[PDB]
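Below is one structure, written out as structure tokens; comments come after it.
Since every read-out is calculated from the coordinates, none of them should be taken as a lab result. Every residue, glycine as well, gets a Cβ built from its backbone with ideal geometry; the counts of neighbours run over all protein chains shown.
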């Protein structure tokens, strides 16, 4: 077993890039075909062997929690496989926990809110608008799953990265020139936010998945809170590696990424994929 | 002016065909690209000249009302165009009203709940999971708009219909043989639910838009759950009830495929993202 027993999911942000759809609903509940973003992400954690999930949330996001809880009126209304399917959304051995975020305070702070739940233990941190494509990787072996096994072997933190066209647009890691392929981990030495062309130490951009040793918690005391800055302070104390994304991710935190993903999952849907796929080809 | 001053929108149903996405959100708030279903439908009413909208709703659907109300924290957050754009979602001259439905009781009952708001006046009834395509019609004078002006001319009820992608799947009107083109209205004599092939009096299926004279209200105090069509039948006995041919196209976003199809079709027409999406599409298949 891993000492990484819980995953933090900061879901407290209002989704201003996905307006007006998110005016009165959480960006985490936008459907990707017929399931909300947050359900794929909780499934990914489950597949990586994490059974305990800590949402850091906002007052207007109750619906995220209702989605995994028992929906009483709905169940009563059902009198098929449908009942069973919605009764399976959260497996009984999986537990969702919730703590509210204080002010509109950034990601490092979001994670800081989850400390009293976790304690001084390593921790998985998961950005809920990035979706790791379950058809192009095996999430029970690759990506988060792999980063946890790597963390258990070495005790080094793991920051997921993927190559990007434009290095000035994301946060970008410094691996001292390192050779890096899908599925590999190698030491990183720094992180810069939206670097200028000449400042970028690489094109490997942070994807939004972190496995952090219990060391970050004391470091999360000091201000920049942004996570990366606190990560930097750990790189000074201890070895922090970067892990190359396997398969594909979809950034569903921008409109186009979300419309792209909807279609891609739309084609793979396992009762409606073929009709949709056909319809598409004829209509395009 | 029309005496049809208000539109009824039954939004109290739990959306069991769109599960699990609708487990904890209203089927009316599923986004079509970047706006929820209900926002297109309210806009359609607005364009037809209706400034007063009556939602018949359920306890778990507050978010529908929040979507058109002021969202206070969000606005404070903003601080450009975005603020203005979300401040425009409901025009100041438009008013949303809400009443809760009693039991899980059907469509005819939903409309009954809206009677104390409206009174003995004609009424527009609008099914919120059918979306009338705004690019293929002009909604300010086709479809609902046209049915209202027709209703003012003649005082005949108007039941929107379109030739179908079946026939056994829908409710189908009897127009005594008549040919009927997009935009026309003609008398109908009956309605049958999911007829067998050999039973169908036509292939013109009810779309989910109704302009009803104040006559339905007394008739709605009688049973077939409680269903609208049956009550409409009782009016056809008493008075002239016409069928109006849909102009342009509709999307049935009450089934998964119809919704995935619509998402793509509106995806390609989106104002700022249509071309990137369209290109991305063509390259990706």
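A few points about this structure:
- Viscosity 0.692 mPa s, 37 °C: Kirkwood-radius Stokes-Einstein D of the range A:156-213 over Cα pairs, µm²/s: 286 µm²/s
- Tensor-based shape of the range A:128-192 (alpha-carbon gyration tensor, a/c under 1.5 rounded, otherwise prolate or oblate): oblate
- The antiparallel fraction among DSSP beta bridges confined to chain B stands at about 55%.
- Shape category assigned to the range B:105-149 from the gyration tensor of Cα positions, a/c cut at 1.5: oblate
- Scattering from chain B was approximated by placing one identical point on each alpha carbon and applying the Debye formula without solvent; log10 I(q)/I(0) at 0.10, 0.11, 0.12 1/Å stands at -0.54, -0.66, -0.78.
- Here r is the Cβ-Cβ distance between residue A:239 and residue A:5 and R0 is 22 Å; the resulting FRET efficiency, rounded to 0.05, is 0.50.
- Förster radius 56 Å - calculated FRET efficiency between residue B:269 and residue A:120 (Cβ-Cβ, nearest 0.05): 0.60
- For chain B, calculated [θ]222 nm from helices alone, where every DSSP H run of n ≥ 4 adds -39500 (n - 2.57): -9000 deg cm²/dmol
- Counting only other chain Cβ atoms within 10 Å of each residue's Cβ, the peptide B:256-269 averages 5.
- Backbone N under 17 Å from the residue A:248 label point (7 Å along Cα→Cβ), restricted to the range A:107-148: A:130-139, A:143
- At 0.890 mPa s and 25 °C, Stokes diffusion of the range B:10-113 via Kirkwood alpha-carbon radius, µm² per second: 164 µm²/s
- Computed FRET value (nearest 0.05) for residue A:181 with residue A:278, which takes r as the C-beta separation and R₀ as 35 Å: 0.45
- If both residues of a DSSP beta bridge must be in the range B:154-266, then about 75% of such bridges are antiparallel.
- Averaged over the residues of B:12-23, the number of partner chain Cβ atoms lying within 10 Å of the residue Cβ comes to 6.
- Cα-based Rg and Dmax for the range B:134-246, where Dmax is the largest Cα-Cα distance (Å): 13.7, 40
- Residue A:17 paired with residue A:104, simple spin-label distance in nm, labels 7 Å along Cα-to-beta-carbon: 1.6 nm
- Span per principal axis, largest first, for the Cα atoms of the protein assembly as shown (Å): 86, 48, 44
- Partner chain coverage, peptide B:55-68 - average Cβ within 10 angstrom: 2
- Scoring A:241-252, A:57-68 by mean Cβ neighbours within 10 Å over their residues and listing the highest first yields A:241-252, A:57-68.
- Footprinting exposure proxy ranking of B:90, B:45, B:253, fewest other C-beta atoms within 10 angstrom first, gives B:90, B:45, B:253.
- Cα gyration tensor shape of the range B:37-93, rounded if a/c is under 1.5, else prolate or oblate by comparing a/b with b/c: oblate
- Potential extension, residue A:82-residue A:168 segment - 0.36 nm per residue separation minus Cα distance: 26.3 nm
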